Amino acid sequence: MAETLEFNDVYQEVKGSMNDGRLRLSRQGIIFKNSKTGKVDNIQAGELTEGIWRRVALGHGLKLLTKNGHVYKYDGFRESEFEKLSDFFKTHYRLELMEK
(Lines give C-alpha, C1' and ligand atoms only; values in the text may rest on other atoms or scores of the structure.)
Protein backbone atom coordinates (compact mmCIF):
# COMPACT_ATOMS: atom_id res chain seq x y z
CA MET A 1 0.00 0.00 0.00
CA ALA A 2 1.01 3.62 -0.53
CA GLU A 3 3.11 5.16 2.24
CA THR A 4 2.40 8.69 0.97
CA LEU A 5 -0.38 10.50 -0.84
CA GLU A 6 -0.06 13.97 -2.32
CA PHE A 7 -2.77 16.38 -3.49
CA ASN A 8 -1.51 19.52 -5.20
CA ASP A 9 -4.92 20.87 -6.19
CA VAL A 10 -6.92 21.07 -2.95
CA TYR A 11 -7.82 23.94 -0.64
CA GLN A 12 -7.87 24.62 3.06
CA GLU A 13 -11.30 25.97 3.96
CA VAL A 14 -11.19 28.60 6.72
CA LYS A 15 -14.36 30.59 7.48
CA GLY A 16 -15.58 30.26 3.90
CA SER A 17 -12.22 31.17 2.35
CA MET A 18 -10.52 28.65 0.06
CA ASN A 19 -6.73 28.72 0.35
CA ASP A 20 -4.98 26.72 -2.33
CA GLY A 21 -2.03 24.62 -1.38
CA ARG A 22 -0.46 21.21 -1.26
CA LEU A 23 -1.57 18.43 1.07
CA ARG A 24 0.78 15.54 1.84
CA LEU A 25 -0.12 12.45 3.88
CA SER A 26 2.63 10.24 5.24
CA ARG A 27 2.61 7.47 7.82
CA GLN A 28 3.53 9.98 10.53
CA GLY A 29 0.91 12.61 9.71
CA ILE A 30 -0.40 15.33 7.45
CA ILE A 31 1.25 18.50 6.15
CA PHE A 32 -0.50 21.35 4.36
CA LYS A 33 1.43 24.23 2.77
CA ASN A 34 -0.46 27.33 1.65
CA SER A 35 0.78 28.28 -1.83
CA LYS A 36 0.24 32.04 -1.40
CA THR A 37 1.51 32.66 2.13
CA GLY A 38 3.81 29.64 2.54
CA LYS A 39 2.13 28.85 5.87
CA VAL A 40 2.76 25.22 6.86
CA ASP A 41 0.52 23.23 9.20
CA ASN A 42 1.36 19.78 10.58
CA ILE A 43 -0.94 17.19 12.18
CA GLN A 44 0.69 14.16 13.83
CA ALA A 45 -1.10 10.86 13.23
CA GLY A 46 -1.51 10.33 16.96
CA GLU A 47 -3.21 13.71 17.37
CA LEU A 48 -6.11 12.79 15.06
CA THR A 49 -9.33 11.83 16.81
CA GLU A 50 -11.88 12.03 14.00
CA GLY A 51 -11.99 12.20 10.24
CA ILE A 52 -15.08 13.04 8.17
CA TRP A 53 -15.61 12.89 4.40
CA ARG A 54 -18.48 14.98 3.04
CA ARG A 55 -19.66 16.96 0.04
CA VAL A 56 -18.47 20.60 0.15
CA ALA A 57 -18.69 23.61 -2.19
CA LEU A 58 -16.09 22.18 -4.61
CA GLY A 59 -16.23 18.40 -4.74
CA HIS A 60 -15.70 16.58 -1.47
CA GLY A 61 -13.74 17.54 1.60
CA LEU A 62 -12.06 16.12 4.67
CA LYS A 63 -12.86 17.52 8.10
CA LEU A 64 -10.27 16.48 10.68
CA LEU A 65 -10.43 16.91 14.46
CA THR A 66 -7.40 16.70 16.74
CA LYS A 67 -7.06 15.91 20.43
CA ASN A 68 -6.37 19.57 21.23
CA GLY A 69 -9.72 20.60 19.72
CA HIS A 70 -8.41 21.97 16.42
CA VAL A 71 -10.42 21.47 13.22
CA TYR A 72 -8.82 21.26 9.78
CA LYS A 73 -10.87 21.26 6.58
CA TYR A 74 -9.46 20.38 3.15
CA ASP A 75 -11.81 20.74 0.20
CA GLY A 76 -11.81 20.15 -3.54
CA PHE A 77 -11.26 16.39 -3.81
CA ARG A 78 -12.81 14.37 -6.59
CA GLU A 79 -15.21 11.83 -5.13
CA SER A 80 -13.01 9.07 -6.62
CA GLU A 81 -10.31 9.90 -4.06
CA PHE A 82 -12.33 8.39 -1.21
CA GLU A 83 -11.08 4.79 -1.47
CA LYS A 84 -7.38 5.66 -1.29
CA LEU A 85 -7.96 8.19 1.50
CA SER A 86 -10.12 5.78 3.51
CA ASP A 87 -7.53 3.02 3.19
CA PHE A 88 -4.69 5.35 4.19
CA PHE A 89 -6.52 6.55 7.30
CA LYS A 90 -7.43 3.01 8.37
CA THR A 91 -3.97 1.52 7.73
CA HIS A 92 -1.70 4.28 9.00
CA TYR A 93 -3.79 6.55 11.26
CA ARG A 94 -5.97 3.76 12.71
CA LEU A 95 -9.11 5.83 12.13
CA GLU A 96 -12.16 5.13 9.95
CA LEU A 97 -13.25 8.06 7.81
CA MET A 98 -16.89 8.80 8.57
CA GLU A 99 -19.05 9.47 5.50
CA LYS A 100 -21.45 12.33 6.18
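Refer to the structure printed above.
Looking only at helices and strands, the chain features one helix and eight strands. Secondary structure of the chain in N-to-C order comes out as β-β-β-β-β-β-β-α-β. Whereas a compact globule of 100 residues would reach a radius of gyration of roughly 13 Å, the chain reaches 12 Å, a difference of no more than 12%. By its C-alpha atoms, the chain is 30 × 25 × 25 Å across when sized along the principal axes. Taken over 100 residues, the chain has a buried fraction of 41%. Expressed as a percentage of contacts within the chain between residues at least 6 apart in sequence, the contacts between residues at least 24 apart total 38%. Carbon and sulfur atoms make up 43% of the accessible area of the chain, which amounts to about 6,100 Å² in all. Across the chain, 17 positive and 15 negative side-chain charges occur, with their mean positions spaced 5 Å apart.

What counts as what
Residues numbered from 1 in each chain as written, not as in the entry; some residues may be left out. Heavy atoms only, no water. Helix = DSSP H or I, 4+ residues; strand = E, 2+ residues; numbered from the N terminus. Rg over C-alpha atoms; globule rule 2.2 N^0.38 Å. Buried < 20%, exposed > 50% of the residue type's maximum accessible area, 1.4 Å probe, protein only. Contact = heavy atoms within 4.5 Å. Areas by Shrake-Rupley, 256 points an atom, 1.4 Å probe, with all protein chains shown as cover. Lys, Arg positive; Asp, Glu negative; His and termini not counted. Charge placed at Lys NZ, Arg CZ, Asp CG, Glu CD.

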